[PDB]
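All remarks here apply to the structure that follows.
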Amino acid sequence: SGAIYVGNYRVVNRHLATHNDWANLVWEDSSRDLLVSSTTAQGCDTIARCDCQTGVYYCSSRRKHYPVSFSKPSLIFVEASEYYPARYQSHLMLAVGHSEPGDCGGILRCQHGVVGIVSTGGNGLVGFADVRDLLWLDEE
Ligand SMILES: COc1ccccc1CC(=O)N1C[C@]2(C(N)=O)CC[C@H]1C2
Ligand SMILES: [Zn+2]
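Whatever position you read off the sequence shown (first residue = 1), add 21 for my numbering.
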């Protein structure tokens, strides 16, 4: 589990969104595994606006933050999961790192701010849903 709290937005994995998230929906995209809902309180996270390919992510299944090198956002085939069938997920970045299904929502960050959240993994890989192209998260 986990979310990004920027301005009056909450960014979560679409497959972990709550009823309150759907009832206060701003934007969702199943191909990216992302959903954004509105919040009453202002958040403290800042979004990175950069081309970094190195950063640090939080792994709840180890209670640890790990440094990682990650690929550029791309269209990748992801195996079946109970939340989605085997399909192509867009704006996904891969890295070598430990991940388990419940690690979804952990933040990946660089020196500029939040880059994305854990969305996929298995066998020593971890995948992150990028959010750096969502410029509207910085306004309204
Ligand atoms: C955290 O992902 C891990 C980790 C270890 C093993 C397997 C996975 C992958 C996994 O179960 N999923 C990838 C999902 C997707 N984004 O389509 C999101 C949750 C389902 C579907
Ligand atoms: Zn950066």
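All C-beta atoms in this analysis are idealised placements derived from N, C-alpha and C, irrespective of residue type, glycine included.
* What is the C-beta distance between residue 91 and residue 76, in whole angstroms, given that I count them as a contact (C-beta under 8 Å)? -> Position 70 of the sequence shown holds residue 91. Position 55 of the sequence shown holds residue 76. The C-beta separation of residue 91 from residue 76 comes to about 7 Å, placing the pair in contact by the 8 Å criterion.
* Asked: For the alpha helix (DSSP H) that contains residue 151, what are its first and last residues?
  -> As a working mapping, residue 151 is identified with position 130 in the sequence shown. Not the alpha helix (DSSP H): residue 151 falls in the beta strand (DSSP E), residues 146 to 151.
* Asked: Which residue from 58, 79, 158 and 121 puts its Cα closest to that of residue 47?
  -> Here residue 47 refers to the residue found at position 26 when the sequence shown is read from its first residue. Minimum Cα distance to residue 47 is reached at 58.
* **Under the three-state DSSP convention, the category residue 122 falls into** => Here residue 122 is taken as the residue at index 101 of the sequence shown, counted from 1. It is helical.
* Who are the near neighbours of residue 53 in its chain, counting only those whose CB is closer than 6 Å to its CB and skipping five residues on each side? -> Along the sequence shown, read from residue 1 onward, the residue named residue 53 stands at position 32. 111, 112 and 150, listed in sequence order.
* Around ligand 2, what residues have a beta-carbon under 5 Å from a heavy atom of it, in chain order? -> 69, 71, 73, 131 and 133
* To do: Measure the alpha-carbon distance for residue 120 versus residue 72 and round it to whole angstroms.
  => Here residue 120 is taken as the residue at index 99 of the sequence shown, counted from 1. Here residue 72 is taken as the residue at index 51 of the sequence shown, counted from 1. Residue 120 and residue 72: Cα-Cα distance of roughly 24 Å.
* Any non-hydrogen atom of ligand 1 closer than 7 Å to residue 120 Cβ -> Indexing the sequence shown from 1 puts residue 120 at position 99. True, at least one ligand heavy atom lies under 7 Å from that Cβ.
* **Those residues which DSSP pairs with residue 103 across a bridge** => As a working mapping, residue 103 is identified with position 82 in the sequence shown. None, per the DSSP bridge assignment.
* Simplified DSSP state of residue 62, which is helix, strand or coil -> As a working mapping, residue 62 is identified with position 41 in the sequence shown. Correct three-state label for residue 62: strand.
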